A.B. asks: 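Can you read through this structure? Questions will come right after.
Below, chains carry the letters A, B, ... as their sequence lines are ordered, and counting in each starts from 1. Reckoned from all heavy atoms, side chains included, excluding hydrogens, waters and symmetry mates.
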Amino acid sequence: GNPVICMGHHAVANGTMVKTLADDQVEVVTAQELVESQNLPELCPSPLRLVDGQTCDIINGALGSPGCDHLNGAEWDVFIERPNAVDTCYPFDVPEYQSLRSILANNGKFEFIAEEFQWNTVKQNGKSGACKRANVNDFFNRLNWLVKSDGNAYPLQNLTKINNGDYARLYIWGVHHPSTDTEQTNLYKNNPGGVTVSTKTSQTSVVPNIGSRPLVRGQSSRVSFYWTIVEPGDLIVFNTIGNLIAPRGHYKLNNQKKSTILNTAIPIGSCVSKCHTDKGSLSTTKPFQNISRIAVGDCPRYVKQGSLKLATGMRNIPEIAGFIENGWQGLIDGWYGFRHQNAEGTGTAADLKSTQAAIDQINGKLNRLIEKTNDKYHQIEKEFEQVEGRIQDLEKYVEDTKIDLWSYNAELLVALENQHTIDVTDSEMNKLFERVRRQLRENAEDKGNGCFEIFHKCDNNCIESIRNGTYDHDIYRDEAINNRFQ
Amino acid sequence: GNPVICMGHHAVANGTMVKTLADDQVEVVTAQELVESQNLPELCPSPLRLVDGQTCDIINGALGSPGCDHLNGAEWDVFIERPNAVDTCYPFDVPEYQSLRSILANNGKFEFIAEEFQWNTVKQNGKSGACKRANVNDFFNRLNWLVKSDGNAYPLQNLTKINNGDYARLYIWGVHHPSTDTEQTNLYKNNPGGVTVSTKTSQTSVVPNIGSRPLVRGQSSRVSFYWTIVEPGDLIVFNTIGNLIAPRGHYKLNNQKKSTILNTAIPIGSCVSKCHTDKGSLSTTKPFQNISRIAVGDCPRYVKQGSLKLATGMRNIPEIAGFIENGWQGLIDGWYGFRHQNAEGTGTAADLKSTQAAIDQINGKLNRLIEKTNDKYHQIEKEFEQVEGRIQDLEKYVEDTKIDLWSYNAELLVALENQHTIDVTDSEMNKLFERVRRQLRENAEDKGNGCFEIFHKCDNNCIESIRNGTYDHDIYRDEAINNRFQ
Amino acid sequence: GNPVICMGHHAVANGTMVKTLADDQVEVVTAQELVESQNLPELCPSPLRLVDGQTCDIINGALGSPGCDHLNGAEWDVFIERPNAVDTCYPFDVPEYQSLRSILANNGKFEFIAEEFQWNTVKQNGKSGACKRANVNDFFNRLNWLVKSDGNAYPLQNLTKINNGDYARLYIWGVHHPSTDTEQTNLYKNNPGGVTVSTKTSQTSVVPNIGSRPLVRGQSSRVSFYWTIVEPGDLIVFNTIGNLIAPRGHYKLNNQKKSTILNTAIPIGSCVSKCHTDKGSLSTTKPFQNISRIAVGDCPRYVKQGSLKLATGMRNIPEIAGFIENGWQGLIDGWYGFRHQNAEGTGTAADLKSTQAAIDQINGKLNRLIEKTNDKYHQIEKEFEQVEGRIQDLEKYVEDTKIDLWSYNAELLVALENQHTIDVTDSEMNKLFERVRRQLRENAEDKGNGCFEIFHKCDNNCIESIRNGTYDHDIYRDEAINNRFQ
Ligand SMILES: CC(=O)N[C@H]1[C@H]([C@H](O)[C@H](O)CO)O[C@@](O)(C(=O)O)C[C@@H]1O
Ligand SMILES: *[C@@H]1O[C@H](CO)[C@@H](O)[C@H](O)[C@H]1NC(C)=O
Ligand SMILES: *[C@@H]1O[C@H](CO)[C@@H](O)[C@H](O)[C@H]1NC(C)=O
Ligand SMILES: *[C@@H]1O[C@H](CO)[C@@H](O)[C@H](O)[C@H]1NC(C)=O
Ligand SMILES: *[C@@H]1O[C@H](CO)[C@@H](O)[C@H](O)[C@H]1NC(C)=O
Ligand SMILES: *[C@@H]1O[C@H](CO)[C@@H](O)[C@H](O)[C@H]1NC(C)=O
Ligand SMILES: *[C@@H]1O[C@H](CO)[C@@H](O)[C@H](O)[C@H]1NC(C)=O
């Protein structure tokens, strides 16, 4: 009725606060941050193929503006478009600009195929001061500016190209909009001009609009660009009585389009990463990030929270006595253990089986806590220079809805896991204490502070027998029962 | 101190592995699959109304192309459009094609109301070799091809139809695009022609485009189709100086539009089902499915996982001893039970109160696991032949976002339920053991292995006295304090 | 071997049913409703700025139609548009109506800046009988109707306005569509007319349409309105040879656009609230609502459920005996407590340490049950008069997808919280019982029904010593052991 064995668990000076279903803050021994808030100051060029547009945005790249030669034959997973790209050529607009941009970026390559168009008596290769290469008048190198012959003739053009190949073709073509009627007749003789571009299933007809626009690089006239896709087995007809800016061929479309585009000033560095934000690449294993909604590749999911702490250890209770409202700051060899006092003194030893059992249930979630890929490439635009209305509203609302739902999932998840982690480790403590209860049987009594008063001689070999589960209660039974009741 | 009663739980040779919050794989006695991965090889024509377009797609159905007569008067919950549908009439296009198709699908019936239009001196009922019925030249039978009179007169047309009814009217009309100026004056005399269709609050004006288009079904010309919706108390005015393909009346719109369209080659069978995918119908009560994101009717929610197993039973521990690290493979008429050893031998018997308490907290959830009927009809397109740009990007991003969110929910729901199922069944085991302990009081001792050593002779009906809660402890108390402490 | 002490928990006659992971229904003691199903019959004018359009919708207010002068200089968080607003001016359409409305509403103010446009020889300030202001022919007061000079001339107009300020400018302009070729020449001399409006990088060109339309306020002619945004550093050019409806200046755009529009007939009141639906404002602290998906401000999230009850107390079991299947209706000053019966009589007293622990895990959850701000202003349209097709489908699908994910989150959250609530309160009951067991040690025995039979003389200060944990087991042990075993 003198030796005492105690059951306890580790503790630390002070640990980390986390969130559960119940409490707002519960202190625990160890915790891990789940939200990435650090980004590299650069974009990583591997394992994804990044292509830098430099002074050239993707549209001018497709058109073949001065400055964009370095993009011929390029292939990308991610086109890096620079916010300070500048127009260097003839002033132009693109009805449905964003859509052409999406198609080009998504396709993932600038593989251009020349074709000779046997245009009639019209002069070809028109050039301009608004589009100089060095100081020489030039034009978009994928386009061919047709004007009237020296004989003041511009006859009806009528050319056909059949796609009997195994890939869809992208034709880019334009319509010139002169500033005055004299300009119209000087260039194209006919007034009005006109363009019809047709496949078997679709047709685009364009009437030039004559009139003065603001001066840009010396020009008040404009080109509007359009595009036509021609599937294998389809064909394209170009029809014009003037103002056509002819294609010089076509781009090849990949059957499967898996590329995308990222607009950022962030430089391309030397690192390795599969995750790219417009702030730079991510290098992390965390399941969430608060850096940018604009994330391309294999990325953590974007959430609003700055921090989410996942408990990786038990509740931390600080400060001859086992668990009850006590933790052993001395126990540094395990999560649970034994603390005794017999004739030969005291001693603190860790319990392995219960420590391991706790660990495999808390770091059982290890593995499942970033399960899933989230490998996304082409997505949608998520920032805008100016309001445009209905379509943009919808894009903003979609992304906002997404972020709120994932932010919520992240909040609930951590709370649920922490609740479970707390419950598992409290349960493993009780299980240990109960296991000991069942070995001692009637040779001991529950002190009430996580300790057993052992009612018999128990030397260190006997103490050990308890810890490694070999203690036979019958050996000490009648010795013990006597000390208990008489 | 010789008779023993044991508390335990059933087990089987091999159980099913399932996920929890902790362990990635826990073996339970029984489990149920929640992801449907099987489909029927056909579409089921009840209880929903399916209409098979056969060689006719819904747009051609609406126009009244040859081969679409079977659609006249049709009504559907789901219109089945075939990938092998073909054009059988004059080559045409439809600006905002997708939208007219959507409206027609959603509306859910082809109920056409003929109207007499008193067109002027112009000739009516133009026909074409490109649109034969039984080797006789013809045209769309909802449309009326107006050409100039025999006296070379196409007078300005100006007719009005007033909606005095109680439903909105859908008018479909077109503009013809000739291939040459000669053609434009051969049919309509005037050049240019022109069409205006207007209501009180809207207008549409179309200028014909002239130009060569690829020969299709003998024609380089085209019709462009448009539509006008006329609400009750509004009216429609048709104005033309040429090239008008006139309506012969109007389609009736339902006020409430609840139908949709499904594009698939899958045959329509004889089976019964309320869930239709483009792979075929589903016949299932499972809450999720991995067959197709394209799913119409009363459907499981589409998820990315191939399998999610819901525990419908306790932990399965295989292999004179009760529960502690043992399950009884021989207990096959209950979940929890008694096993005993006494003077007359041994026996195993089931306990039903504990079994039923466990079943009620577990099957009580597979009923709340089959609840949200999610009945969705008209949704959005989810696969595409070719990229289009901004709008198609948004649609795909929306569907992809939805799918990832529901896949996460599915993964979490099953881990949470499984964790709860295990906790409940482990708990009912302990509650049974504690129920017996309280019955015995000081007449028995905990042997450590989920067994009580009864320190008095307890015969086979003393055993059943324990199993039924009648065991009076003071009937053996003196005969039990005895061999325990003397 | 005579006095008894019991441990128990409160109850009420009538409790409320809640949902958990297991049970369809669990009766608990107290429960809180989480879904707000009540709205005020009015819109609260504080703390957000509401501007009432009254007879004027936002488009007419921007144009300056008769009756909209109250909206001059208006600024709003939410513009209240009335479904019975009437047109009071020249019949018009807006090709991209919803986008212009969205931009206007989102911007949040009507700040007009007049400018002097020195139009050439054309006459200005055209007015109309279809647009009377105070019984005199007038026009949109933000617009300038140009017509030909008395010299029967309409020369090419070519004006330029430079944006050299620090804000983006919104110009609204229109194009007039005559009914006859005679009207065209009477007003504008030239036939056809024509308008081009352009900046450095964009352009809009319109060809007027001529033709008969239904009479609306005495006119078969129409105006179509367009708009042009001009960034700081950019400029705008108006080119026209007729039919231009010119601006009298521009609206100022905010850099940060944070406002929205709400279309409803509900009156503006004098209550306070930051949540506005189209059925009226909400005054609530509940996290969900089932009133309307259309909701602006700081609102509960919209869900499909009519009710979600969150348990705020333990299980409810109604009706000498302690907890095992019995709650105490008499215990009304605490959640848990003691019930004894010694020599001097009987008695009830609530235990506070256990009541406080439970409460600190249950109310510990219900104020980051709503932690969520959900501050949402400009969103998307969510109801429509008529089907339009693709974009509308996408809008409806997005909102339906959102509502289903939030309805699921609400359902699951309440079930998880309730299960945790039940488990906490069961857990604390047991921890109470165990604590007292730890105190008694070998001086008492578990009666089997929540009660401890004390085997020694115990008066009412001996009882209180148990209930404030001062009780010493050794004092009474020899007395107690003797009665137990002899
Ligand atoms: C004739 C032609 O195709 N290119 C010529 C253009 C076009 O006449 C204008 O751009 C018409 O818009 O005018 C230039 O002064 C120029 O832009 O440098 C010279 C150039 O050779
Ligand atoms: C030119 O147009 C005619 C139709 O008038 C067509 O038959 C022919 O194929 C066209 N030629 C080319 C080269 O496309
Ligand atoms: C991301 O979180 C950190 C703190 O974890 C915070 O300092 C930073 O501002 C956050 N990023 C934001 C709010 O954009
Ligand atoms: C014909 O046009 C006149 C005015 O040009 C109009 O008053 C009349 O209603 C039109 N007729 C029909 C049948 O629409
Ligand atoms: C659906 O799941 C099954 C496994 O249950 C798998 O074999 C099948 O390939 C899956 N279908 C997919 C991934 O399309
Ligand atoms: C008018 O047009 C001329 C060219 O025709 C152009 O140089 C000038 O800048 C324009 N002026 C204004 C005020 O728009
Ligand atoms: C909202 O819930 C209330 C009661 O919870 C119900 O009566 C009402 O019909 C619901 N509102 C709906 C379904 O719009």
A.B. asks: What part of C:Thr160 lies closer than 4.5 angstrom to a heavy atom of chain A: side chain, backbone, both or neither?
C.D. replies: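 Contact with chain A is absent: no heavy atom of C:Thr160 under 4.5 Å.
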A.B. asks: Mind checking ring pair (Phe, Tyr, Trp, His ring centres under 6.0 Å) for A:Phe452 and listing every partner two or more places apart, or none if nothing turns up?
C.D. replies: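 A:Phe452 satisfies ring pair (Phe, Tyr, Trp, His ring centres under 6.0 Å) with A:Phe433 only.
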A.B. asks: Ring-plane angle category for A:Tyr408 and C:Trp406, please: parallel below 30°, perpendicular beyond 60°, tilted otherwise.
C.D. replies: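 Ring orientation of A:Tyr408 relative to C:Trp406: perpendicular.
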A.B. asks: Name the region of C:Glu434, side chain, backbone, both or neither, that has any atom closer than 4.5 Å to a heavy atom of chain A.
C.D. replies: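 Nothing of C:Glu434, per the 4.5 Å heavy-atom cut-off to chain A.
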A.B. asks: Hey, mind stepping through C:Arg441 and A:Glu453 against salt bridge (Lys or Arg N to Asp or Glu O under 4.0 Å) and telling me if it holds?
C.D. replies: CA-CA 11 Å; C:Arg441 211 146 149 182; A:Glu453 177 174 343; 2.5 Å; yes
A.B. asks: Check whether C:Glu231 gets within reach of chain A through its side chain, its backbone, both or neither, counting any heavy atom under 4.5 Å.
C.D. replies: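 The answer is the side chain of C:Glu231.
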A.B. asks: Kindly compute the distance separating OG (C:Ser205) from CZ (A:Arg222), expressed to the nearest 0.5 Å.
C.D. replies: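 Here the interatomic distance stands at 12.5 Å.
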A.B. asks: Which bit of A:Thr20 comes within less than 4.5 Å of chain C, counting heavy atoms only: side chain, backbone, both or neither?
C.D. replies: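 A:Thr20 has no heavy atom closer than 4.5 Å to chain C.
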A.B. asks: Using non-hydrogen atoms only, which part of A:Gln419 is less than 4.5 Å away from chain C: side chain, backbone, both, or neither?
C.D. replies: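 Side chain only.
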A.B. asks: Any carboxylate oxygen within less than 4.0 angstrom of a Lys/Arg side-chain nitrogen, looking at C:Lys353 and A:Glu325?
C.D. replies: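 No.
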A.B. asks: Where does C:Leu253 contact chain A at under 4.5 Å (heavy atoms): side chain, backbone, both or neither?
C.D. replies: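 When you check distances to chain A, only side chain atoms of C:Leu253 fall under 4.5 Å.
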A.B. asks: By a 4.5 Å heavy-atom criterion (distance strictly below it), what part of C:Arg484 contacts chain A: side chain, backbone, both, or neither?
C.D. replies: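 It is neither, since no heavy atom gets under 4.5 Å.
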A.B. asks: Check whether C:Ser427 gets within reach of chain A through its side chain, its backbone, both or neither, counting any heavy atom under 4.5 Å.
C.D. replies: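 It is neither, since no heavy atom gets under 4.5 Å.
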A.B. asks: Please classify the contact between C:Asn409 and chain A as side chain, backbone, both or neither, with a heavy-atom cut-off of under 4.5 Å.
C.D. replies: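 Answer is both: backbone and side chain atoms of C:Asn409 are under 4.5 Å from chain A.
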A.B. asks: Against chain A, label C:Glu417 side chain, backbone, both or neither, depending on which of its atoms sit under 4.5 Å from a heavy atom there.
C.D. replies: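 C:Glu417 touches chain A through side-chain heavy atoms alone.
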A.B. asks: Side chains of C:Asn239 and A:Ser212: do they bring a donor and an acceptor to under 3.5 Å?
C.D. replies: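 No, A:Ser212 and C:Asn239 have no side-chain donor paired with an acceptor closer than 3.5 Å.
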A.B. asks: Run A:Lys402 and C:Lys402 through side-chain contact (heavy atoms from CB on, under 4.5 Å) and show every step you take.
C.D. replies: CA-CA 9 Å; A:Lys402 171 173 177 181; C:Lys402 178 182 174 192; over 6 Å; no
A.B. asks: Are the side chains of A:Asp93 and C:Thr201 in contact, using a 4.5 Å heavy-atom criterion?
C.D. replies: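 The answer is no; the side chains never approach within 4.5 Å.
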A.B. asks: Which answer fits A:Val216, side chain, backbone, both or neither, if we ask what part of it has an atom under 4.5 Å from a heavy atom of chain C?
C.D. replies: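 Only the side chain of A:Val216 comes within 4.5 Å of chain C.
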A.B. asks: When you compare the side chain of A:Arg390 with that of C:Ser102, does any pair of heavy atoms fall below 4.5 Å?
C.D. replies: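 No, side chains not in contact.
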A.B. asks: Looking at side-chain heavy atoms only, is the closest gap between C:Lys376 and A:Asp404 below 4.5 Å?
C.D. replies: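 Answer yes - side chains close enough.
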A.B. asks: Does the side chain of C:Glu371 come within less than 4.5 Å of A:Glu411's, by heavy atoms?
C.D. replies: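 Side chain of A:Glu411 against side chain of C:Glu371, heavy atoms only: contact under 4.5 Å found.
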A.B. asks: Report which part of A:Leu416 has an atom under 4.5 Å of a heavy atom belonging to chain C: side chain, backbone, both, or neither.
C.D. replies: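 The answer is the side chain of A:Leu416.
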A.B. asks: Working note: A:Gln392 + C:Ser99, criterion side-chain hydrogen bond (donor to acceptor under 3.5 Å, both in side chains); need CA distance, chi angles, decisive distance, verdict.
C.D. replies: CA-CA 9 Å; A:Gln392 181 182 123; C:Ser99 281; over 6 Å; no
A.B. asks: So for A:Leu412, is it side chain, backbone, both, or neither that comes closer than 4.5 Å to the heavy atoms of chain C?
C.D. replies: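 The answer is the side chain of A:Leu412.
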A.B. asks: With no hydrogens and no angle check, do the side chains of C:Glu399 and A:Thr401 hold a donor and an acceptor under 3.5 Å apart?
C.D. replies: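 Result is no, nothing qualifies.
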A.B. asks: Atom CG of residue position C:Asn430 - does it have more than 12 heavy atoms of other residues, nucleotides or ligands inside 6.0 Å?
C.D. replies: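 Yes.
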A.B. asks: Heavy-atom distances under 4.5 Å only: say whether C:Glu381 touches chain A with side chain, backbone, both or neither.
C.D. replies: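 No part of it gets close to chain A.
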A.B. asks: Pick one of side chain, backbone, both or neither for A:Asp400, based on which atoms fall under 4.5 Å of a heavy atom in chain C.
C.D. replies: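 Contact with chain C involves the side chain of A:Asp400 alone.
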A.B. asks: Does the side chain of C:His378 reach to within under 4.5 Å of the side chain of A:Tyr397, using non-hydrogen atoms?
C.D. replies: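 Contact flag for C:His378/A:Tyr397 side chains = no.
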A.B. asks: State, to 0.1 Å, how close A:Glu445 and C:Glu442 come at their nearest heavy-atom pair, and which atoms those are.
C.D. replies: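 So the two residues come closest at OE2-CG, 3.4 Å.
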A.B. asks: Evaluate the side-chain proximity of A:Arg213 to C:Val237: yes if any heavy-atom separation is below 4.5 Å, no if none is.
C.D. replies: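 C:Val237 vs A:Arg213: side chains apart.
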A.B. asks: Which heavy atom of C:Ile380 sits nearest a heavy atom of A:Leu394, and at what distance?
C.D. replies: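 In terms of heavy atoms, the two residues are closest at CG2-CA, 3.8 Å.
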